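Presented below is the structure to which this report refers.
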Amino acid sequence: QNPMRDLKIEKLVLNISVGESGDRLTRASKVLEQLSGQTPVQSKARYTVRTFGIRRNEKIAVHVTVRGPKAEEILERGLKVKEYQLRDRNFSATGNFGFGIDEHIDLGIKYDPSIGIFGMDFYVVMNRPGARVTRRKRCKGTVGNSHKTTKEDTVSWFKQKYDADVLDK
Amino acid sequence: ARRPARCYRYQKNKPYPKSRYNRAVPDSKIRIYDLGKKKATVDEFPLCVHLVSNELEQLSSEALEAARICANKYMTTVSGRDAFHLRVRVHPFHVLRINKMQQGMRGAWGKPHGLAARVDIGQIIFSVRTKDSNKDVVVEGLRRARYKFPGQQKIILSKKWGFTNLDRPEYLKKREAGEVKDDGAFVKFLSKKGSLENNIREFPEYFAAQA
Amino acid sequence: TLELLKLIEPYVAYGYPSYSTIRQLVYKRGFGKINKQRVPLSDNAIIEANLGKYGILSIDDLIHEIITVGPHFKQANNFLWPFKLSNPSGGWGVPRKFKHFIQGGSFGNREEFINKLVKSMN
Amino acid sequence: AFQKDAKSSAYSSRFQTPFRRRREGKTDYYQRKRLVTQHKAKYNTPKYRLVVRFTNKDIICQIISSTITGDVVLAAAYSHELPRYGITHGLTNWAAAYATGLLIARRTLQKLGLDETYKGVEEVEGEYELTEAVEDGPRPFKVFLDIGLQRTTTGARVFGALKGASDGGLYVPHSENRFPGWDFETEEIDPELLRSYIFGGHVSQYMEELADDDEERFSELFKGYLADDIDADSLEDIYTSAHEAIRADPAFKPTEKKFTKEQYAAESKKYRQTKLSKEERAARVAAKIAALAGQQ
Amino acid sequence: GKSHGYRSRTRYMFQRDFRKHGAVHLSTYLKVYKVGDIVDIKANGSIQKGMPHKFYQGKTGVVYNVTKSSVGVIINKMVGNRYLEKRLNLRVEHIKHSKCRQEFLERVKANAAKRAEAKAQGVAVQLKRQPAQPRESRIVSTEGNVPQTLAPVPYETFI
RNA sequence: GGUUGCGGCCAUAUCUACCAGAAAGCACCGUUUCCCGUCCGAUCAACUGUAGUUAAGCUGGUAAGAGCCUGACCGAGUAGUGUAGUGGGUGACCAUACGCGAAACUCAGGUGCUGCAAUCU
RNA sequence: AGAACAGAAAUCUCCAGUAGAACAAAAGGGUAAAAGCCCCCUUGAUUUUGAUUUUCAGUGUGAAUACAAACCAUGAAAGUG
RNA sequence: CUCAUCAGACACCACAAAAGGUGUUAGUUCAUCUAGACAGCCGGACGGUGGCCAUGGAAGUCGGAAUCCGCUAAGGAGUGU
RNA sequence: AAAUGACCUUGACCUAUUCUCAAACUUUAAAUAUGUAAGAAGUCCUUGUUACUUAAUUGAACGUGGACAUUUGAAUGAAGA
Ligand SMILES: [Mg+2]
Ligand SMILES: [Mg+2]
Ligand SMILES: [Mg+2]
Ligand SMILES: [Mg+2]
Ligand SMILES: [Mg+2]
Ligand SMILES: [Mg+2]
Ligand SMILES: [Mg+2]
Ligand SMILES: [Mg+2]
Ligand SMILES: [Mg+2]
Ligand SMILES: [Mg+2]
Ligand SMILES: [Mg+2]
Ligand SMILES: [Mg+2]
Ligand SMILES: [Mg+2]
Ligand SMILES: [Mg+2]
Ligand SMILES: [Mg+2]
Ligand SMILES: [Mg+2]
Ligand SMILES: [Mg+2]
Ligand SMILES: [Mg+2]
Ligand SMILES: [Mg+2]
Ligand SMILES: [Mg+2]
Ligand SMILES: [Mg+2]
Ligand SMILES: [Mg+2]
Ligand SMILES: [Mg+2]
Ligand SMILES: [Mg+2]
Ligand SMILES: [Mg+2]
Ligand SMILES: [Mg+2]
Ligand SMILES: [Mg+2]
Ligand SMILES: [Mg+2]
Ligand SMILES: [Mg+2]
Ligand SMILES: [Mg+2]
Ligand SMILES: [Mg+2]
Ligand SMILES: [Mg+2]
Ligand SMILES: [Mg+2]
Ligand SMILES: [Mg+2]
Ligand SMILES: [Mg+2]
Ligand SMILES: [Mg+2]
Ligand SMILES: [Mg+2]
Ligand SMILES: [Mg+2]
Ligand SMILES: [Mg+2]
Ligand SMILES: [Mg+2]
Ligand SMILES: [Mg+2]
Ligand SMILES: [Mg+2]
Ligand SMILES: [Mg+2]
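So the protein lines, in turn, are chains s, r, o, m and 2. If you read the first sequence in the deposited numbering, its first letter stands for residue 6, the second for the next number, and so on. FYI, in the deposited numbering the residues of the second sequence are 2 to 102, 112 to 221. If you read the third sequence in the deposited numbering, its first letter stands for residue 123, the second for the next number, and so on. If you read the fourth sequence in the deposited numbering, its first letter stands for residue 2, the second for the next number, and so on. If you read the fifth sequence in the deposited numbering, its first letter stands for residue 2, the second for the next number, and so on.
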């Protein structure tokens, strides 16, 4: 019974996990920035492994959060890459979904061999209206069962839009 | 090297377990506490005979093991491997210390030396369950195990059904009409409390209000 | 005061005195605390002289205020020196004294058997 | 409720519930302690808070003192009282906050008796100032500003209500660096800007910024402002004349009888379900044991 | 060696009244204290400033001073064969108005009440407390109360 | 009686699953010129009260629901304990006498009460 | 439970989460719009002499508490130091 | 109640244990018995029937599954040769 | 052939059960011990002082005048304190 139980997208966050710091990272970041228009945020390493050749607080990734119409736009610009086909995996039982794409030139943006090529994780987190209870300061509350995103409910929303296909099993 | 058990017969100290603090403890000489057909069903063995302590004393893990093997052996060799369930109801969690003899009695707090169980009066030590066709046999087994222990213990026949807290008539009443539900060693019972749907999937045979 | 007697049960023997026991106690061993100097009673003029304010002016006036626990029992009683009894004459009737009366001893509240004992000690 | 998630008996037995008004995300007790508690040698003289809250577009301004049995309202003024004094639309603007501020300022000053004395600042040039105490006579009424869970940004309307109670006469100790037109870097304040915000200048300037580059959202936003033929040039006097109206009569009269309370009690106990009898649910489960275990 | 610090041995003493941890409710900052009030002393483990030394836990004293955040309490501590006067500066969080006199006060107002009501009619005052007197005669009926005769019971085992 | 702002006691108020909610109020909700804050007007700031909705918040109800609170000659005068004896017993330990007296268990009942101000078919 | 390389371990997201973490250090207390984590502004780790608590002889010392009189820091503020 | 070919004989106290006795004493739970039980001499245990597989060869009996009628006071498809 | 494959297997984890424990574990929680109070230095009223404190003769502390006597506020004891 939806009078407004109408499944918007909350945010899309793009993520290059550039597994070390320096030039390659300050390049993946400008990639995120001429795809986002926003200044992206760098992520420091939590701890230190030395298999993956990293050090605590090493600035070894970058991501960016884009919300609303621009994020529908770059979502579609990536479902093109993945041919509007997804998996019955790839979906949180909590309602969101994501995919990944190496070869970040399949998104539009041209090649420019003084930045290289990069892959990207796409994560689309979804929510109905009145997600504000959970995220506001005063009276912070939890949304009723009936009203929050489901996996099944969001694969149905995803198939219904984009005429896309999800998976086996 | 093991000291004679008379040196630790009595509960002179407060419980000294293995712990963060004591923590160099040697291993208990008794490690298996259920013997025989321990997988059997509560219906399989309605008779129950206890070996019960009549003293406030301490029983060495060494003599616990010694008398476990004593009694289980006699019982199988005259009854069969799966004729009885023998449960020892006493775990020896109390660590005995010893002062290892150019010094004197300066600074003379011992190292761990053994383990031992601290048994009250009337505390069950052994519990054995069979069907009444056996009773003489398990009785004689516990009687032979008695001789492995310091201090008077007495064998007594339970009024209860095997290892249940129910006497035989009350247990019959419960299961004949609606309420017992086997489980691997043991059994579950029908509550009148809690979820009514989740109470019905479980124990469907009942609520005929009949056998 | 009952909690007091509980506190001292193993050192005393006590019970419920009859009129006869109280009368013979005051007559034979009844002494007043008068500006101490405990004083044998020996004439009602002494009682009147000190318990007079309270309406007690005889030895039987005294006894009666004791036995019918009086509006002035506190003063009537604090006026009598503690009675100095001899040992029981018959004996104690038990082989050992420092057990409860109930256990064949002597201490605690025997209840009317206080009268046999005190009469044997007075 | 994923099977992997449900809570144990033990979890709940050993769980310590917070204070109701904290479960309800409504009271910052760490703040309440320090607002309410008084100097112990001041013994019964209560600490008065000027609470101001914001419903979704309506402004509350109470003056409360606290009490072991429950906070007691000395004066109350709601911004929806502004019709009375000559404002009609947007009673959540900065100047509606200032208005309500002033309103309760003078409502309480008169409820007390420092009505004639401590008339506050009248010629409101938007200056920074506090209602000073008067030589040889009663000190002003003192209240502290209870902004609740509001997030103290420079230039926000909680401090507008602040500015208006202050300008009305209440002594409400306050700095200036969160008044609109406080300069981020250089530590000074623009009073022409603060007077503007006191009056409307940012809303009026929005109006005549939209009346000639978007008639297509000016259409709907500001609808009432056209439906009553009043544009930007206006407001500053709507508000100045409300100010007059309030300083002239603060007296709070309330709303007309209108189905007095027992009537409401009835027509809402129509919608208030009352609990079931133990015998009721006894039978309501004996029904279910017949109907479900009973082989249909 | 040994350890005798200021809060030594207070492990449970200062513990937090299980499922009552957290911030202190505001009624204990809303209570008022005047010089000469009788107060109890219980430490609140969550307010480390101004707390009483363990010796004064469970102890009752009299207010002698009133300051901004705290009260001064007078306590009589027994050192040797004599009491000395000790003056603790305790925060309001560790103090509690005492009901050790509530009986007394209620019984002085009750006393003056029935004393007025006494000299109203003829004076029959009767207003000192007296200990429990012993019971008085009574008649017990057997109507529908005939006595069930009990005997002791033989040895069972039950186990 | 509902509701809101501020509350006192801080689960009889919490948790889980459903269902109901008139009026008003809260709410979600629309916008980005201005003050203000962000990687993101999501939060935070401001503007509108206009364009929209009871879906959620919130209120209430249902459940041999979990938890929680209360009560009882339920267990139990049990365990423990103050006091006594030239009591029993090789000892371990034990019974008795004058008092105090639990916890678990079991069963029954209950699921917020209430202060100030304003507002409501 | 979910996202290219990515693997048990890299970075991103949501859900649950009474503290099962963290607060230099030993341990025990204590703490959830904090006492923990990120940020902003600072020097109250300052000045003057008294009283008080523990240890106690009611000496000293160490440590601590609550005020008085200053001058300051922070915050819209109550406050807090 | 106890008879000791090392009896025992009074708190603290000047020691004795596990375990055993068909010495004797009292008691507990099962049983049999004047419809004759226990003990001891005496008779009877036959038969429907060698009921069956091992068959070098088992009426009950080296041995292995097995399990009952007729007569009767009773008499095992078999306790021991 | 592999499978993010079905299947057994032993493992650890989850669920409801089960035997047994703690000086340095605990929701609960005694007994014995332990702090304070049981009036005249009491209770109540009327309304002065101040530089502290209040929005405020508001409060706070200390006072003037007035009303209620030994059932004047439990017990027991007191060769007195
Ligand atoms: Mg709707
Ligand atoms: Mg690498
Ligand atoms: Mg001992
Ligand atoms: Mg020892
Ligand atoms: Mg040695
Ligand atoms: Mg030497
Ligand atoms: Mg040493
Ligand atoms: Mg050592
Ligand atoms: Mg125990
Ligand atoms: Mg033995
Ligand atoms: Mg059990
Ligand atoms: Mg003689
Ligand atoms: Mg004679
Ligand atoms: Mg003798
Ligand atoms: Mg004589
Ligand atoms: Mg459970
Ligand atoms: Mg705050
Ligand atoms: Mg030590
Ligand atoms: Mg908490
Ligand atoms: Mg400190
Ligand atoms: Mg509506
Ligand atoms: Mg906002
Ligand atoms: Mg609904
Ligand atoms: Mg709400
Ligand atoms: Mg509810
Ligand atoms: Mg329930
Ligand atoms: Mg005892
Ligand atoms: Mg003894
Ligand atoms: Mg620590
Ligand atoms: Mg320093
Ligand atoms: Mg010392
Ligand atoms: Mg000295
Ligand atoms: Mg010296
Ligand atoms: Mg010093
Ligand atoms: Mg011999
Ligand atoms: Mg003895
Ligand atoms: Mg023997
Ligand atoms: Mg034959
Ligand atoms: Mg303990
Ligand atoms: Mg005492
Ligand atoms: Mg007295
Ligand atoms: Mg006297
Ligand atoms: Mg004298």
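Using N, Cα and C, we set each Cβ at its ideal position, and we do this for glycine too.
- Between the alpha carbons of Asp147 (chain m) and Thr61 (chain 2) lies a gap of roughly 37 angstroms.
- In this structure, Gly124 (chain r) places its C-beta atom within 8 angstroms of the C-beta atom of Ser61 (chain r).
- Here the C-alpha atom of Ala67 (chain r) lies approximately 7 angstroms from the C-alpha atom of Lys158 (chain r).
- Straight across, the Cα-Cα distance linking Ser97 (chain s) with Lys156 (chain s) is about 6 angstroms.
- In this model, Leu151 (chain 2) and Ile224 (chain o) are separated by some 22 angstroms (Cα to Cα).
- Residue environment: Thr174 (chain r) is assigned as buried (16 or more neighbouring CB atoms within 10 Å of its CB, all protein chains considered).
- If one requires a minimum length of 4 residues, the alpha helix (DSSP H) runs lying completely within the region 185-221 of chain o are 195-201, in chain order.
- Residues of the region 145-168 of chain r whose Cβ lies closer than 9 angstroms to any Cβ of chain 2, in chain order: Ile166, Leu167 and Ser168.
- For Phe136 (chain r), the enclosing beta strand (DSSP E) covers residues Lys121 to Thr140.
- A residue is called buried once 16 or more other Cβ atoms fall within 10 Å of its Cβ, and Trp162 (chain s) is buried on that count.
- Counting along the chain, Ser71 (chain 2) sits inside the beta strand (DSSP E) bounded by residues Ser71 to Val80.
- Within the region 165-193 of chain r, no residue places its CB atom closer than 8 angstroms to a CB of chain m.
- Boundaries of the alpha helix (DSSP H) harbouring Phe163 (chain s): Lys156 to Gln165, taken from the DSSP string.
- In the three-state scheme derived from DSSP, where H, G and I count as helix and E and B as strand, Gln59 (chain r) is classed as strand.
- Taking C-beta atoms as the reference points, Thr68 (chain 2) and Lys43 (chain m) fail to come closer than 8 angstroms.
- Straight across, the Cα-Cα distance linking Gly105 (chain s) with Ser26 (chain s) is about 21 angstroms.
- Between the region 31-38 of chain r and the region 80-98 of chain r, the count of Cβ pairs shorter than 8 angstroms is three or higher; the stretches touch.
- Residue state for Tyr84 (chain 2) is assigned as strand, using DSSP reduced to three classes.
- For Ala125 (chain 2), there is no enclosing alpha helix (DSSP H), as DSSP marks it with neither H nor E.
- When C-alpha distances from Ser201 (chain r) are compared across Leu182 (chain r), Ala195 (chain r) and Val190 (chain r), the shortest belongs to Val190 (chain r).
- Take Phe123 (chain s), set aside five residues on each side of it, and the residues of its chain with a beta-carbon closer than 7 angstroms to its own are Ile21, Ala33, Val36 and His109, in chain order.
- When the beta-carbon positions are compared, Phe180 (chain m) and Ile190 (chain m) come within less than 8 angstroms of each other.
- A distance criterion of 7 angstroms places the beta-carbon of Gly114 (chain r) in contact range of ligand 6, judged by its closest non-hydrogen atom.
- Comparing alpha carbon positions, the residue from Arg20 (chain 2), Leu128 (chain 2) and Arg12 (chain 2) closest to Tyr12 (chain m) is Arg20 (chain 2).
- If you draw a straight line from the Cα of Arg285 (chain m) to the Cα of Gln90 (chain s), it comes to about 51 angstroms.
- Close to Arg143 (chain s), with beta-carbon spacing below 9 angstroms, are these residues of chain m in chain order: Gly26, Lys27, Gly149, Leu150 and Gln151.
- When Cβ-Cβ separations below 8 angstroms define contact, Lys35 (chain 2) makes contact with chain m.
- In the three-state reduction of the DSSP assignment, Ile39 (chain 2) falls in the strand class, which pools E and B.
- In terms of side-chain proximity, the C-beta atom of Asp29 (chain m) is found nearer than 7 angstroms to a non-hydrogen atom of ligand 17.
- Using a CB distance below 9 angstroms, the part of the region 26-54 of chain m facing chain 2 consists of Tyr30, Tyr31, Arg33, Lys34, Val37, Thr38, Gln39, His40, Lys41, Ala42, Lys43, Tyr44 and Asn45, ordered along the chain.
- Distances from the CB of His26 (chain 2) to the heavy atoms of ligand 19 are all 7 angstroms or more.
- Assignment of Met52 (chain 2) by DSSP, reduced to helix, strand and coil, places it in the coil class.
- Of the candidates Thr77 (chain r), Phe94 (chain r) and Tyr181 (chain r), the residue whose Cα lies closest to the Cα of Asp28 (chain r) is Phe94 (chain r).
- For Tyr49 (chain m), the three-state secondary structure derived from DSSP is coil.
- Ranked by Cα distance from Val52 (chain m), the options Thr89 (chain m), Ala76 (chain m) and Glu257 (chain m) are led by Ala76 (chain m).
- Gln59 (chain r) counts as buried, since at least 16 other C-beta atoms from the protein chains shown sit within 10 angstroms of its C-beta.
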